[PDB]
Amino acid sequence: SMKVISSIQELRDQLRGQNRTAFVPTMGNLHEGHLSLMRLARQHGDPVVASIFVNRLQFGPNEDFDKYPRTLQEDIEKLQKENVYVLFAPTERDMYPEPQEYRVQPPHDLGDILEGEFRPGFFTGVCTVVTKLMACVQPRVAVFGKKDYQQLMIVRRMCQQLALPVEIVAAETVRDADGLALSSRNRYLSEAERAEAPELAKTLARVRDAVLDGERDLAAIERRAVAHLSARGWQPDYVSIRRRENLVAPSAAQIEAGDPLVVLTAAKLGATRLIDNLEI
């Protein structure tokens, strides 16, 4: 029987003595992408612990904290079917009984680019809540999705640099039949927006092919991709082809030596901000 636990102390009592816990943090409103992570966690540890917490610290004042989808009863029903031992679903009073004034700050060269330039402070909000959730759960492993590629790398290096004894396991991005990367925010899209939304992944597939087919001027590829999206009524923040190892743009020499690359993008359809990426 799955335990739903809001209290930090109760969570510690339930997990007392567990040395192989696999942890999957989420913000709830569960879809097939989350469920895929739950299944992967079970191959890497036991028991599997899920968290559902919408973290105010990683939302900016002009973002979507108040309308973020919240469907805890259904989330519970889904987790029950996937052999998950504990759901940690703290209230905001449990996680933040007084305002949070201790923060985990990531490196400037990694936290302030890409998602960090367009969402100032975002990864301070993420690193702070993830450190806290790991200190509550004390897992051996934690599963993060490649869908939030920058996040995944930030959390990996956080654990290493803060000496947290947690191994990070990366999960592949789960997509809808039409190629759109699954996200609770996909719910915000109108019918017309939903029909256009798959164009973001298609654009990534086309930039992938151009790199594989030998095009060396990466910035020109990025610019064409941005213009293609803009002409169809998107407002892109970026399309950026970077090294997987440090999310820096490769030099000419690194392009020739075939350093593994990833193309990352974020782009709005109306007020809804979608992100996706494709390893190359």
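Numbering starts at 1 and runs along the sequence shown.
Averaged over their C-alpha atoms, the temperature factors of 249-257 and 65-73 are higher for 249-257. For the pair 179-187 and 82-90, the mean B factor over Cα atoms is greater in 82-90. Among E172, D112, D148, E196, the highest C-alpha B-factor recorded in the PDB entry belongs to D112. Ranked against the other modelled residues of its chain, the C-alpha B-factor of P106 as given in the entry falls in the middle third. Among the modelled residues of the chain, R157 sits in the highest third by CA temperature factor in this PDB entry. Annotation for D237: CA B-factor lies in the lowest third of the chain's modelled residues.
Sort the modelled residues of the chain by CA B factor and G125 lands in the lowest third. Among the modelled residues of its chain, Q43 has a C-alpha B-factor that falls in the highest third, as given in the PDB entry.
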